[PDB]
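Heads up: the sequence shown is residues 29 to 277, going by this note's numbering.
Every residue, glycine too, gets a C-beta built ideally from N, C-alpha and C.
Inspection log for the structure reproduced underneath, given as structure tokens.
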Amino acid sequence: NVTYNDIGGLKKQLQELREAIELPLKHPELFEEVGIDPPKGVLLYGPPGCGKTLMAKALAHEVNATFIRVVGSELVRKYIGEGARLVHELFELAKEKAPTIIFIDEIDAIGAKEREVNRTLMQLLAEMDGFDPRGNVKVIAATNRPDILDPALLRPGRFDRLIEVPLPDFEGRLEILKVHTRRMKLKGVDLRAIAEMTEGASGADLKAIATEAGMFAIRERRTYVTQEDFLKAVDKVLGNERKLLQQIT
Ligand SMILES: Nc1ncnc2c1ncn2[C@@H]1O[C@H](COP(=O)(O)OP(=O)(O)O)[C@@H](O)[C@H]1O
Numbered sequence: 029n030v031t032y033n034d035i036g037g038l039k040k041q042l043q044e045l046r047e048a049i050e051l052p053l054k055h056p057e058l059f060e061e062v063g064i065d066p067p068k069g070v071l072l073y074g075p076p077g078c079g080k081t082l083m084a085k086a087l088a089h090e091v092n093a094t095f096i097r098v099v100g101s102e103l104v105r106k107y108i109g110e111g112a113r114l115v116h117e118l119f120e121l122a123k124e125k126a127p128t129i130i131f132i133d134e135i136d137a138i139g140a141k142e143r144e145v146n147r148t149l150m151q152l153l154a155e156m157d158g159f160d161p162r163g164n165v166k167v168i169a170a171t172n173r174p175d176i177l178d179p180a181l182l183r184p185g186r187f188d189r190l191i192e193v194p195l196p197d198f199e200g201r202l203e204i205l206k207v208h209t210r211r212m213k214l215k216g217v218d219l220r221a222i223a224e225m226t227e228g229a230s231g232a233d234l235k236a237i238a239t240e241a242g243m244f245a246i247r248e249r250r251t252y253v254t255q256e257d258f259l260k261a262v263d264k265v266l267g268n269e270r271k272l273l274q275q276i277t
């Protein structure tokens, strides 16, 4: 279960997403009053593990909506017409369960400029065309490779708003570290230091660092968590050791 309080370092990105969906949904009345149709799709982009799915999930909680997630790669099918059918069913289901947030991760797998997948693409855009705003089912897509995308994905009525979800900067990381260490008791711990030593980390790495910290404490049998635990969790999660593994698997 996810809420805005489970998210760190993305204050303006959240506001933007909220302004694009939460705001209209609540007071749609008041948008037509100004001549602006509420967006149908929002595209989130940036490197992996930095909060894109989190924002979409938490947004879904806050508007009390069904949250349906599909990974783009799985809409690529060996057999003809299947990719398109799935997208069709996806949208039917999302109506069945309205209101809903559809979250299509790795939308690049389908929205790249073999030709079957373009069929699959046409279907989705077809689906957005025809949904009609004001507006009960909303789509959120995510990619780490945005520059790839067919611009027909981005025309108005389709993935209008773009929001970059970056690697966390120094303060972001601090915020994120707090989110995932809020429910531990630490004593020796300076998190500014941890934030300083993790340049380039993602939100996920940082969660992993807090997680590896607490278990390090456990394996050395204490009940609290200390700076040393974090210094080695930082060294475990980041750094060659897990690096080579990745090059290895
Ligand atoms: N901005 C963030 N704030 C708090 N936790 C985060 C953040 N970004 C990533 N995480 C942690 O990493 C995990 C993956 O985040 P997710 O939103 O799935 O990343 P992606 O951008 O790959 O969709 C989440 O479960 C979350 O706990």
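Ligand 1 heavy atom lying under 7 Å from the CB of residue i
i: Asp34; result: yes
i: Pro76; result: yes
i: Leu87; result: no
i: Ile138; result: no
i: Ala169; result: no
i: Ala232; result: yes
i: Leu273; result: no
i: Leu82; result: yes
i: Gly79; result: yes
i: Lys40; result: no
i: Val91; result: no
i: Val193; result: yes
i: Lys235; result: yes
Contact under 8 Å by Cβ, residue i with residue j
i: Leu87; j: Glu47; result: no
i: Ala180; j: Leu153; result: yes
i: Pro127; j: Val167; result: no
i: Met83; j: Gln43; result: no
i: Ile138; j: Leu103; result: yes
i: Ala112; j: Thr148; result: yes
i: residue 283; j: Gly100; result: Coverage of the chain is limited to positions 29 through 277, which leaves residue 283 absent and any answer about it impossible.
i: residue 21; j: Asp233; result: This structure does not reach residue 21, given that the chain is present from 29 up to 277, and the question cannot be answered.
i: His116; j: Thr31; result: no
i: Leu45; j: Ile204; result: no
i: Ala169; j: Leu71; result: yes
i: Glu144; j: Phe119; result: no
i: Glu240; j: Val265; result: yes
Ligand 3 heavy atom lying under 7 Å from the CB of residue i
i: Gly37; result: Absence of ligand 3 is noted for the structure shown, with ligand 1 being the only ligands found.
Can you find at least 3 beta carbon pairs, one from the region 158-167 and one from the region 194-205, that sit closer than 8 Å?
Too few Cβ pairs lie closer than 8 Å, so no.
Does the region 95-102 come close enough to the region 124-133 to have 3 or more Cβ pairs within less than 8 Å?
yes
Any contact of the region 225-232 with the region 242-256, i.e. 3+ C-beta pairs under 8 Å?
Here the region 225-232 makes no contact with the region 242-256; the two share fewer than three CB pairs at distances below 8 Å.
What are the complete alpha helix (DSSP H) segments, minimum 4 residues, inside the region 101-139?
110-124, 136-139
Should the region 211-218 be regarded as contacting the region 184-192, the criterion being three or more beta carbon pairs within less than 8 Å?
no
Please specify which runs of the alpha helix (DSSP H), each continuous and at least 4 residues long, are wholly inside the region 152-177, giving them in chain order.
Counting only runs of 4 or more, we get nothing.
What are the uninterrupted segments assigned as alpha helix (DSSP H) that are 4 or more residues long and contained completely in the region 75-105, given in chain order?
80-90
Which parts of the region 185-237 are runs of the alpha helix (DSSP H), unbroken and 4 residues or longer, counting only runs that do not cross its ends?
198-207, 219-224
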